[PDB]
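Below is one structure; the comments refer to it alone.
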Amino acid sequence: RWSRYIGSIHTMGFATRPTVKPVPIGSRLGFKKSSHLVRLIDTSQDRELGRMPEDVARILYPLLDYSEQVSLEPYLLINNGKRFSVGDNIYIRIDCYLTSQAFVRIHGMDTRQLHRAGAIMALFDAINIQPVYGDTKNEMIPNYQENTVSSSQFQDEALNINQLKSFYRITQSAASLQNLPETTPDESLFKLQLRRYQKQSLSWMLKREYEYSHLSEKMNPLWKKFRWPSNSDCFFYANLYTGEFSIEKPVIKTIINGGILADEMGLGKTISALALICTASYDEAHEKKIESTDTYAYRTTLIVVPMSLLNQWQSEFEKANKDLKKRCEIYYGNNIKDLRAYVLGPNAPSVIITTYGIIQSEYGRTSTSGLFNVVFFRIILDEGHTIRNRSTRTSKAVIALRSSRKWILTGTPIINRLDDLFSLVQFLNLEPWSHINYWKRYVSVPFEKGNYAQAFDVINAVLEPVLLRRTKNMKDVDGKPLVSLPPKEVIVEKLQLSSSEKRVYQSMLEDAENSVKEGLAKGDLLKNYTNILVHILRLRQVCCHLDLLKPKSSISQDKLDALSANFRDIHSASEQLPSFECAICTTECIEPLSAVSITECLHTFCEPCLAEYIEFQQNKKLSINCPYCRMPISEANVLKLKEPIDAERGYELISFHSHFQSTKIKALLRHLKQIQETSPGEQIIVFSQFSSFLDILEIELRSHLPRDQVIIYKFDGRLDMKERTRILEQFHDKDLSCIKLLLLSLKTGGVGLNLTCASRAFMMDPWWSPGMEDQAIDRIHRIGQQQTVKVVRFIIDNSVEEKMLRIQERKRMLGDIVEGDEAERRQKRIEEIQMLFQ
Ligand SMILES: [Hg+2]
Ligand SMILES: [Hg+2]
Ligand SMILES: [Hg+2]
């Protein structure tokens, strides 16, 4: 035990009790603890003398609780040789000492610990003691107290795209990261070729797991160094954030296993994670411990991944893994009966891939089968910004997962709020920042009160040792960008027509071929040139959508989800089995459940009873109304329960009749549903030459995609200029919470339309000229762009569209307009038709 002085405070006090004999100048005063009123007493008279000012009482009052930790010895400064009157000023010098009972003495007690760390921090501000810096440019300042540091210009927790690009500009702009060593995995266990940056992330990820056995022979930003005073060793160290002090320099190494791998999309995060698994797939230290002399899955790596990427991960693992001894399986649909026994058993798989929705579903119903009665070896979250909402069942589920090593693979750790990082920290369990009180007191509140640079330094301080972030725009040591971004990548995706679509396309081909046989049997093929191109056009329309030749349900998937929610709310589980009445025959219990017919307004019928009503009302051509409440019920809006009934989900309302989706719209939706989780905020452009096809696409896309995650913009081309630019205005509005689609016509192209924000293009149909399609795509990419423009061309296999592509290939070889008289032009007209029908 010892004591030591660190600073003094000079302040006047207001007299409370008069003094008969004036107090000595060097009076050894004291502080008694009882808008805050801390009392100033003396040691001789044992009476009260004064009340301190408010701004000084706020500093003294909480410090008196830590008496053994920080003692305050106030001395008297001026004696006017007079009895203290009622209101005289008491000039005091408060000598502040530090006792070893605070120094190096380090149940949900965050409030007790922050109150100390804060009162101590306010004490330092009063005595105006500052740390020592040792670099050429000075680092961060001490974080200030509550309702201080010039709090002004209140800012919301939600972030601007400008505000967000400023956050990245500091965490991705760490020190030189181009000198990270390259770890190359041997081809005995891994059959892919990592890039230069991928070998760096592997070495860093192995370093983060402290796997030094796979490296080739390869302080404390929050703490700061203070200096003792010398009036009334020469250094000490402290962390004002937690109130912890240490006589020696605390070089506490990194503690958590793993980290966050944030990288711009296109740097191969998935491949780097796989290289990590193929290098270290089990806890070697645990294996030796158990045999040299339980719920730990010391050999299994759990990968939680979006649903739309569940099969790609299984695929990419098989394409990369060479060691057959380590197996990889997908946990989905309760396929593994006792997963707890599986991952702990002798045949434990090395990798298990599953969905957040599976993690969410098993957390809610208290699934003791697995995933939560087992501590995994390594958890890897792909697109980890899913858990960014602290209050959703999915986040609570992920945070409940236990593992020795944790990884977060996300290209965008912050979507639209600063505290999206908190759950990333809460997952990694970074004490004390996993605790919410530590986060809201040192990051949230200072940010919410406009002192944002203060919060960004704290954020950048905790994530720097744990987060690694590289950018495709970064330069290597040789002088090259990490990724050579081409202007565009165009890919032809061949599709095959549905069973119904082929029968239509084959019928239209007869009329096309028959018209060729007519003109050819009349001595001149061009005599039916106009009549031929008509049938060729109809074939082209059949490829896009059959409705382009000449009832549709009026309920979107968002509405069905809402109707299903209400239906499960009306018919809730209870002691007895679930039963459904019928509005026509008053049957208390409809059997079977597949015979239940539910109207647009959620009223239950027997499927024959409702059908009999509709047939009877349609045979008399009378407006259809619900037999129960007399509301407009459309026949296409009749609903039924999905068969079978999912026990984990409940009743699901699907359309009674089925509706037709063309092969191309089915394929586009297949892409879009995957881009949502692949890359947040992306602007996609959808080209088609047929305007009515764009009208169909708008209706189908908005019906099959959630509104809060996919926003559809369609350029009517028949609107005033201010609205058209207002559409582009909202289309260039980058929103990482959704993806934006611009449906515009290939005919007009992008003439006078800025389309630079687009990262992806979808060509829904080909045209006679390659120039028009090329010109539309070429107005999206501009040199000096962050992302290459990914283009997909949907072409119906063995159809006219495949033929038109061959015509374009001809034009590119010769030209679009190679002039010539009507003698040379007939040959081109004939050859084009031959190329269409061969
Ligand atoms: Hg019925
Ligand atoms: Hg009804
Ligand atoms: Hg050809």
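To be explicit about the labels: the chains of the structure tokens are called A, B, and onward in the order shown, and within each one the residues are counted from 1, while ligands get numbers from 1 in the order they are shown.
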
Which residues are near ligand 2 in this structure, taking near to mean any atom at most 7 Å from a ligand atom and counting only C-alpha atoms and all ligand atoms? Format them as an mmCIF file with C-alpha atoms, in the first residue's frame.
data_model
loop_
_atom_site.group_PDB
_atom_site.id
_atom_site.type_symbol
_atom_site.label_atom_id
_atom_site.label_comp_id
_atom_site.auth_asym_id
_atom_site.auth_seq_id
_atom_site.Cartn_x
_atom_site.Cartn_y
_atom_site.Cartn_z
ATOM 1 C CA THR A 599 -60.702 -16.424 -49.875
ATOM 2 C CA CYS A 601 -60.368 -11.898 -47.006
ATOM 3 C CA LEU A 602 -59.253 -14.976 -45.000
ATOM 4 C CA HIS A 603 -62.543 -16.873 -44.790
ATOM 5 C CA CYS A 626 -67.842 -13.800 -50.489
ATOM 6 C CA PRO A 627 -70.719 -15.868 -49.045
ATOM 7 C CA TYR A 628 -69.690 -14.783 -45.533
ATOM 8 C CA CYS A 629 -69.215 -11.004 -45.651
ATOM 9 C CA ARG A 630 -70.159 -9.971 -49.222
ATOM 10 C CA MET A 631 -66.840 -8.501 -50.312
#

8 Å shell around ligand 1 using only C-alpha atoms and all ligand atoms, listed as a list in words: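 The residues within 8 Å of ligand 1, counting only C-alpha atoms and all ligand atoms, are residues 582, 583, 584, 585, 586, 587, 590, 605, 606, 607, 608, 609 and 610 of chain A.
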
- request: Tell me, as a PyMOL selection string, which residues lie within 12 Å of segment 73-82 of chain A, counting only C-alpha atoms; anything in the same chain fewer than 6 positions away does not count.
  value: chain A and resi 4-13+18-32+39-43+49+52+60+64+67+88-98

For the residues selected in the previous step, produce a file with C-alpha atoms as a PDB file, in the first residue's frame.
ATOM      1  CA  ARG A   4       0.997   9.462  -4.577  1.00  0.00           C
ATOM      2  CA  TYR A   5      -0.109  12.934  -5.693  1.00  0.00           C
ATOM      3  CA  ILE A   6      -1.046  13.625  -9.318  1.00  0.00           C
ATOM      4  CA  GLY A   7      -2.579  17.119  -9.472  1.00  0.00           C
ATOM      5  CA  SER A   8      -4.394  19.932  -7.723  1.00  0.00           C
ATOM      6  CA  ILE A   9      -7.532  21.998  -8.342  1.00  0.00           C
ATOM      7  CA  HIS A  10      -8.123  25.619  -7.294  1.00  0.00           C
ATOM      8  CA  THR A  11     -11.703  26.677  -6.564  1.00  0.00           C
ATOM      9  CA  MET A  12     -13.726  28.953  -4.285  1.00  0.00           C
ATOM     10  CA  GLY A  13     -16.402  27.667  -1.922  1.00  0.00           C
ATOM     11  CA  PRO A  18     -19.810  31.222  10.504  1.00  0.00           C
ATOM     12  CA  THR A  19     -16.468  30.774  12.240  1.00  0.00           C
ATOM     13  CA  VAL A  20     -15.857  32.432  15.604  1.00  0.00           C
ATOM     14  CA  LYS A  21     -12.054  32.345  15.339  1.00  0.00           C
ATOM     15  CA  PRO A  22     -10.808  32.726  11.714  1.00  0.00           C
ATOM     16  CA  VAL A  23      -9.563  29.487  10.169  1.00  0.00           C
ATOM     17  CA  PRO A  24      -5.778  29.061   9.787  1.00  0.00           C
ATOM     18  CA  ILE A  25      -4.389  29.652   6.305  1.00  0.00           C
ATOM     19  CA  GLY A  26      -2.963  26.136   6.106  1.00  0.00           C
ATOM     20  CA  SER A  27      -6.124  24.467   7.387  1.00  0.00           C
ATOM     21  CA  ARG A  28      -6.225  20.708   6.778  1.00  0.00           C
ATOM     22  CA  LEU A  29      -9.793  20.705   5.485  1.00  0.00           C
ATOM     23  CA  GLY A  30     -11.922  17.784   4.315  1.00  0.00           C
ATOM     24  CA  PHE A  31     -14.818  16.830   2.071  1.00  0.00           C
ATOM     25  CA  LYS A  32     -18.097  15.474   3.452  1.00  0.00           C
ATOM     26  CA  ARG A  39     -20.075  19.576   1.759  1.00  0.00           C
ATOM     27  CA  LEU A  40     -16.801  21.246   2.763  1.00  0.00           C
ATOM     28  CA  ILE A  41     -15.930  20.492   6.393  1.00  0.00           C
ATOM     29  CA  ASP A  42     -12.842  21.035   8.516  1.00  0.00           C
ATOM     30  CA  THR A  43     -10.932  18.549  10.652  1.00  0.00           C
ATOM     31  CA  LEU A  49     -18.171  25.130   6.518  1.00  0.00           C
ATOM     32  CA  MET A  52     -19.004  23.723  -3.318  1.00  0.00           C
ATOM     33  CA  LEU A  60     -16.163  15.655  -6.372  1.00  0.00           C
ATOM     34  CA  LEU A  64     -15.927  10.327  -2.717  1.00  0.00           C
ATOM     35  CA  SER A  67     -12.160   7.043  -1.160  1.00  0.00           C
ATOM     36  CA  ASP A  88     -18.060  34.680   2.243  1.00  0.00           C
ATOM     37  CA  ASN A  89     -15.870  32.962  -0.334  1.00  0.00           C
ATOM     38  CA  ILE A  90     -13.659  30.047   0.729  1.00  0.00           C
ATOM     39  CA  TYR A  91     -10.619  29.726  -1.538  1.00  0.00           C
ATOM     40  CA  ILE A  92      -9.403  26.122  -1.651  1.00  0.00           C
ATOM     41  CA  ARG A  93      -6.645  24.120  -3.336  1.00  0.00           C
ATOM     42  CA  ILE A  94      -7.740  20.493  -3.764  1.00  0.00           C
ATOM     43  CA  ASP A  95      -4.697  18.205  -3.756  1.00  0.00           C
ATOM     44  CA  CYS A  96      -5.557  14.939  -5.526  1.00  0.00           C
ATOM     45  CA  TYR A  97      -3.662  11.734  -4.731  1.00  0.00           C
ATOM     46  CA  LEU A  98      -3.787   8.248  -6.240  1.00  0.00           C
TER      47      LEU A  98
END

message: Based on the backbone DSSP call, show me all residues of segment 597-787 of chain A assigned strand (DSSP E), as an MDAnalysis selection string.
response: chainID A and resid 597:598 604:606 639:641 653:655 683:688 710:714 739:745 758:763

- prompt: What's the 8 Å shell around residue 262 of chain A, counting only C-alpha atoms, without same-chain residues fewer than 3 positions away, as a PyMOL selection string?
  reply: chain A and resi 408-413+467-470

- prompt: Can you tell me which residues sit at most 9 Å away from ligand 3, counting only C-alpha atoms and all ligand atoms, written as a list in words?
  reply: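 Residues satisfying the distance criterion: residues 803, 806, 807, 809, 810, 831, 832, 834, 835, 836 and 838 of chain A.
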
- request: Pick out the residues sitting within 12 Å of residue 646 of chain A, and hand them over as an NGL selection string; count only C-alpha atoms, and ignore anything fewer than 6 positions along from it in its own chain.
  value: :A and (333-334 or 361 or 652-653)

Using only C-alpha atoms, please write the residues we just selected to a file, as an mmCIF file, in the first residue's frame.
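Listed below is the output, selection.cif:
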data_model
loop_
_atom_site.group_PDB
_atom_site.id
_atom_site.type_symbol
_atom_site.label_atom_id
_atom_site.label_comp_id
_atom_site.auth_asym_id
_atom_site.auth_seq_id
_atom_site.Cartn_x
_atom_site.Cartn_y
_atom_site.Cartn_z
ATOM 1 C CA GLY A 333 -34.505 -29.398 -43.128
ATOM 2 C CA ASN A 334 -33.617 -31.448 -40.021
ATOM 3 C CA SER A 361 -35.717 -21.349 -36.146
ATOM 4 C CA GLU A 652 -48.730 -20.705 -45.496
ATOM 5 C CA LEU A 653 -51.226 -19.120 -47.884
#

field: Point-to-point distance in Å for atom CA of residue 562 of chain A and atom CA of residue 362 of chain A
entry: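 Here the two named atoms are 22.8 Å from each other.
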
query: Using only C-alpha atoms, which of A:704, A:196, A:322, A:340 sits nearest residue 478 of chain A?
result: A:196

task: Mind checking which residues fall within 7 Å of residue 712 of chain A, counting only C-alpha atoms, ignoring those fewer than 5 positions away in the same chain, and posting them as a ChimeraX atom specification?
output: /A:698,702,740-742

8 Å contact set for segment 678-691 of chain A, only C-alpha atoms, chain neighbours under 6 positions out, as an NGL selection string: :A and (265 or 383 or 411-412 or 731-732 or 734-747 or 757-765 or 767)

Keeping only C-alpha atoms, write those residues as a CSV table (one decimal), in the first residue's frame.
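The new file selection_20.csv reads:
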chain,number,residue,atom,x,y,z
A,265,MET,CA,-16.7,-7.8,-53.2
A,383,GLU,CA,-22.5,-11.7,-45.2
A,411,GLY,CA,-18.1,-6.8,-47.6
A,412,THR,CA,-20.2,-4.1,-45.9
A,731,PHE,CA,-32.0,5.4,-58.9
A,732,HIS,CA,-28.5,6.8,-58.3
A,734,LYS,CA,-27.3,4.4,-53.2
A,735,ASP,CA,-29.2,2.5,-50.4
A,736,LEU,CA,-27.3,-0.5,-49.0
A,737,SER,CA,-30.6,-1.7,-47.4
A,738,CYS,CA,-32.0,-2.6,-50.8
A,739,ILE,CA,-31.2,-3.2,-54.5
A,740,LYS,CA,-32.6,-0.9,-57.2
A,741,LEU,CA,-33.7,-2.0,-60.7
A,742,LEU,CA,-34.1,0.3,-63.7
A,743,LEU,CA,-36.3,-1.1,-66.4
A,744,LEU,CA,-35.7,0.9,-69.6
A,745,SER,CA,-36.1,0.2,-73.3
A,746,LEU,CA,-33.2,-1.0,-75.4
A,747,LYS,CA,-34.6,0.9,-78.3
A,757,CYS,CA,-24.2,3.9,-60.9
A,758,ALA,CA,-25.2,0.5,-62.4
A,759,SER,CA,-22.9,-2.5,-61.7
A,760,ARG,CA,-25.0,-5.1,-63.5
A,761,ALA,CA,-27.0,-5.3,-66.7
A,762,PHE,CA,-29.6,-7.8,-67.9
A,763,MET,CA,-30.3,-8.2,-71.6
A,764,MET,CA,-33.8,-9.8,-71.9
A,765,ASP,CA,-33.7,-10.1,-75.7
A,767,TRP,CA,-31.7,-7.3,-81.6

task: Output as a list in words all residues of segment 293-364 of chain A that backbone DSSP marks as alpha helix (DSSP H).
output: residues 310, 311, 312, 313, 314, 315, 316, 317, 318, 319, 320, 339, 340, 341, 342, 343, 344, 356, 357, 358, 359, 360, 361, 362, 363 and 364 of chain A

Selection export as an mmCIF file, in the first residue's frame, atoms kept: N, CA, C and O atoms:
data_model
loop_
_atom_site.group_PDB
_atom_site.id
_atom_site.type_symbol
_atom_site.label_atom_id
_atom_site.label_comp_id
_atom_site.auth_asym_id
_atom_site.auth_seq_id
_atom_site.Cartn_x
_atom_site.Cartn_y
_atom_site.Cartn_z
ATOM 1 N N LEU A 310 -26.496 -21.238 -50.044
ATOM 2 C CA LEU A 310 -26.296 -22.472 -49.291
ATOM 3 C C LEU A 310 -25.633 -23.545 -50.145
ATOM 4 O O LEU A 310 -24.775 -24.291 -49.659
ATOM 5 N N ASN A 311 -26.007 -23.632 -51.422
ATOM 6 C CA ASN A 311 -25.442 -24.659 -52.289
ATOM 7 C C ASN A 311 -24.106 -24.238 -52.889
ATOM 8 O O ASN A 311 -23.282 -25.102 -53.213
ATOM 9 N N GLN A 312 -23.870 -22.933 -53.049
ATOM 10 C CA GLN A 312 -22.582 -22.485 -53.573
ATOM 11 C C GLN A 312 -21.452 -22.809 -52.604
ATOM 12 O O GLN A 312 -20.345 -23.165 -53.029
ATOM 13 N N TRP A 313 -21.710 -22.695 -51.301
ATOM 14 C CA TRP A 313 -20.665 -22.966 -50.319
ATOM 15 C C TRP A 313 -20.278 -24.438 -50.321
ATOM 16 O O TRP A 313 -19.089 -24.776 -50.318
ATOM 17 N N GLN A 314 -21.271 -25.329 -50.324
ATOM 18 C CA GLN A 314 -20.984 -26.749 -50.485
ATOM 19 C C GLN A 314 -20.208 -26.999 -51.770
ATOM 20 O O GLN A 314 -19.253 -27.784 -51.789
ATOM 21 N N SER A 315 -20.597 -26.320 -52.850
ATOM 22 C CA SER A 315 -19.901 -26.466 -54.124
ATOM 23 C C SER A 315 -18.463 -25.974 -54.025
ATOM 24 O O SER A 315 -17.518 -26.710 -54.331
ATOM 25 N N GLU A 316 -18.281 -24.725 -53.589
ATOM 26 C CA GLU A 316 -16.946 -24.136 -53.558
ATOM 27 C C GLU A 316 -16.011 -24.893 -52.627
ATOM 28 O O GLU A 316 -14.798 -24.925 -52.863
ATOM 29 N N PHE A 317 -16.547 -25.508 -51.570
ATOM 30 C CA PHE A 317 -15.701 -26.325 -50.707
ATOM 31 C C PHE A 317 -15.202 -27.558 -51.445
ATOM 32 O O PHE A 317 -14.020 -27.911 -51.350
ATOM 33 N N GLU A 318 -16.090 -28.231 -52.179
ATOM 34 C CA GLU A 318 -15.690 -29.428 -52.909
ATOM 35 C C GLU A 318 -14.709 -29.101 -54.026
ATOM 36 O O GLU A 318 -13.821 -29.908 -54.326
ATOM 37 N N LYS A 319 -14.841 -27.924 -54.645
ATOM 38 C CA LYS A 319 -13.912 -27.518 -55.692
ATOM 39 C C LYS A 319 -12.529 -27.192 -55.148
ATOM 40 O O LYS A 319 -11.562 -27.188 -55.916
ATOM 41 N N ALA A 320 -12.412 -26.916 -53.850
ATOM 42 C CA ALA A 320 -11.147 -26.499 -53.259
ATOM 43 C C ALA A 320 -10.500 -27.549 -52.372
ATOM 44 O O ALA A 320 -9.270 -27.598 -52.301
ATOM 45 N N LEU A 339 -27.664 -33.874 -34.359
ATOM 46 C CA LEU A 339 -26.460 -33.150 -34.764
ATOM 47 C C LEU A 339 -25.491 -32.972 -33.603
ATOM 48 O O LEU A 339 -24.274 -32.914 -33.821
ATOM 49 N N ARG A 340 -26.002 -32.869 -32.374
ATOM 50 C CA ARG A 340 -25.124 -32.806 -31.210
ATOM 51 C C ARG A 340 -24.197 -34.013 -31.165
ATOM 52 O O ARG A 340 -22.975 -33.870 -31.056
ATOM 53 N N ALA A 341 -24.766 -35.217 -31.260
ATOM 54 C CA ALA A 341 -23.948 -36.423 -31.251
ATOM 55 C C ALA A 341 -23.086 -36.526 -32.500
ATOM 56 O O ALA A 341 -22.008 -37.129 -32.458
ATOM 57 N N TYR A 342 -23.537 -35.943 -33.613
ATOM 58 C CA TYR A 342 -22.789 -36.038 -34.863
ATOM 59 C C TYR A 342 -21.467 -35.286 -34.773
ATOM 60 O O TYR A 342 -20.402 -35.852 -35.038
ATOM 61 N N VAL A 343 -21.514 -34.009 -34.389
ATOM 62 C CA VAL A 343 -20.304 -33.196 -34.359
ATOM 63 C C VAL A 343 -19.395 -33.568 -33.197
ATOM 64 O O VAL A 343 -18.194 -33.276 -33.238
ATOM 65 N N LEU A 344 -19.932 -34.193 -32.151
ATOM 66 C CA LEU A 344 -19.100 -34.672 -31.058
ATOM 67 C C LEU A 344 -18.644 -36.108 -31.256
ATOM 68 O O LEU A 344 -17.686 -36.536 -30.601
ATOM 69 N N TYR A 356 -28.995 -18.911 -41.702
ATOM 70 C CA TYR A 356 -29.456 -18.074 -40.598
ATOM 71 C C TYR A 356 -30.870 -18.452 -40.181
ATOM 72 O O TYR A 356 -31.174 -18.536 -38.985
ATOM 73 N N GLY A 357 -31.747 -18.689 -41.159
ATOM 74 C CA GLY A 357 -33.104 -19.100 -40.848
ATOM 75 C C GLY A 357 -33.171 -20.403 -40.077
ATOM 76 O O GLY A 357 -34.102 -20.616 -39.297
ATOM 77 N N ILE A 358 -32.198 -21.291 -40.288
ATOM 78 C CA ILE A 358 -32.119 -22.498 -39.470
ATOM 79 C C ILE A 358 -31.638 -22.148 -38.068
ATOM 80 O O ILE A 358 -32.189 -22.629 -37.069
ATOM 81 N N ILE A 359 -30.605 -21.305 -37.970
ATOM 82 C CA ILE A 359 -30.138 -20.832 -36.670
ATOM 83 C C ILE A 359 -31.257 -20.100 -35.941
ATOM 84 O O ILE A 359 -31.439 -20.258 -34.727
ATOM 85 N N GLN A 360 -32.027 -19.294 -36.674
ATOM 86 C CA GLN A 360 -33.129 -18.555 -36.067
ATOM 87 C C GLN A 360 -34.236 -19.497 -35.611
ATOM 88 O O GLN A 360 -34.761 -19.360 -34.500
ATOM 89 N N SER A 361 -34.597 -20.467 -36.457
ATOM 90 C CA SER A 361 -35.717 -21.349 -36.146
ATOM 91 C C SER A 361 -35.429 -22.214 -34.927
ATOM 92 O O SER A 361 -36.306 -22.414 -34.080
ATOM 93 N N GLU A 362 -34.207 -22.739 -34.818
ATOM 94 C CA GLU A 362 -33.898 -23.621 -33.699
ATOM 95 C C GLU A 362 -33.730 -22.847 -32.398
ATOM 96 O O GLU A 362 -33.978 -23.391 -31.318
ATOM 97 N N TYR A 363 -33.319 -21.581 -32.480
ATOM 98 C CA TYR A 363 -33.207 -20.752 -31.284
ATOM 99 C C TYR A 363 -34.575 -20.452 -30.685
ATOM 100 O O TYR A 363 -34.728 -20.417 -29.459
ATOM 101 N N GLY A 364 -35.582 -20.243 -31.533
ATOM 102 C CA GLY A 364 -36.883 -19.823 -31.037
ATOM 103 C C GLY A 364 -37.621 -20.915 -30.284
ATOM 104 O O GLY A 364 -38.213 -20.660 -29.232
#

message: Rounded to one decimal, what separation in Å do you get between atom CA of residue 48 of chain A and atom CA of residue 17 of chain A?
response: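 Interatomic distance here is 6.4 Å.
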
task: For each of A:625, A:564, A:488, A:604, take the minimum atom-to-atom distance to residue 787 of chain A, counting only C-alpha atoms, then give the residue where this is smallest.
output: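 Among the listed residues, A:488 lies closest to residue 787 of chain A.
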
- request: Go through A:379, A:276, A:424, A:260 one by one, measure the shortest atom-to-atom distance of each to residue 183 of chain A using only C-alpha atoms, and give the residue with the smallest value.
  value: A:276

query: Between A:802, A:558, A:591, A:643, which is the closest to residue 701 of chain A once you count only C-alpha atoms?
result: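 When distances to residue 701 of chain A are compared using only C-alpha atoms, the smallest one comes from A:558.
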